[PDB]
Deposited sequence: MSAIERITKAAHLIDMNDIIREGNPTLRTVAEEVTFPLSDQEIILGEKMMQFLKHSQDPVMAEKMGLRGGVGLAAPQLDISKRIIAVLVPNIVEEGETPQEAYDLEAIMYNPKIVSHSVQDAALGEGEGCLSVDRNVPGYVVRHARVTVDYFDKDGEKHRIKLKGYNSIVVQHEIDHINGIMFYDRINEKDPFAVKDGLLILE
């Protein structure tokens, strides 16, 4: 299985582990993990975080052939589990978390979108447009110990977490771009830039 291969001590996640558009797994709703977690489920979260760290390092990213990322979801590794990793550097890190069964439990009426549009590791093409998301979200999740966390996110952090949660719900960023006018600025839409 993907999880067995990826959680081998020797394995370093790279782009060859990341599935792309066309793979049904990206359009599938991931299964909740149960507690207590298996060792493999814990190692997987740690491997995902290590990938994010590698992808953000100029030397390692060049050596390993990595696209940069600030978030990753298990389904992108062909593992249909509700596990995401987020690692957002400060303008050391603004947000660093491995989240098990993450869930948005509240959100703002106001929307937001990155002014530069979004890129996805599973998408090997540019898809222009404002990806419309909630401006602010309250997120529940469990850490590796089964402890519950409840956090409130805004700005870039809010966008990234919603992006990764979308992955575990079979949703892709371009699903949220305005079909007619990709760059419409609707009332209540905050453009981040």
Query raised in the report: What ranges of the deposited sequence are left out of this structure?
Result: 1, 93-101
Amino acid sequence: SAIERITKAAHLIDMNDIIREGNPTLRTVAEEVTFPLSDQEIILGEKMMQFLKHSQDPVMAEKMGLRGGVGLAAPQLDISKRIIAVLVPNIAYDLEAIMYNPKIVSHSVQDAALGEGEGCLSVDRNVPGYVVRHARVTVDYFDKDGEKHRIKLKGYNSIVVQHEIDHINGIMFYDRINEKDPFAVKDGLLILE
From here on, numbers count along this sequence of modelled residues.
**Report entry** 23-31 or 137-145, whichever carries the higher mean Cα B-factor
**Finding:** 23-31
Query raised in the report: With respect to the recorded C-alpha B factors, which stretch has the higher mean value, 38-46 or 62-70?
Result: 62-70
Report summary line: Among the modelled residues of its chain, the C-alpha B-factor of residue 116 falls in the third labelled highest
Report summary line: So, residue 80's CA B-factor, relative to its chain, sits in which third? The middle
Query raised in the report: Once the chain's modelled residues are ordered by C-alpha B factor and cut into thirds, is residue 163 in the lowest, middle or highest one?
Result: lowest
Requested in this report: Quick one: classify residue 53 as lowest, middle or highest third of the chain based on its Cα B-factor.
Outcome: middle
Report summary line: residue 122: C-alpha B-factor third of its chain, per the entry, is the highest
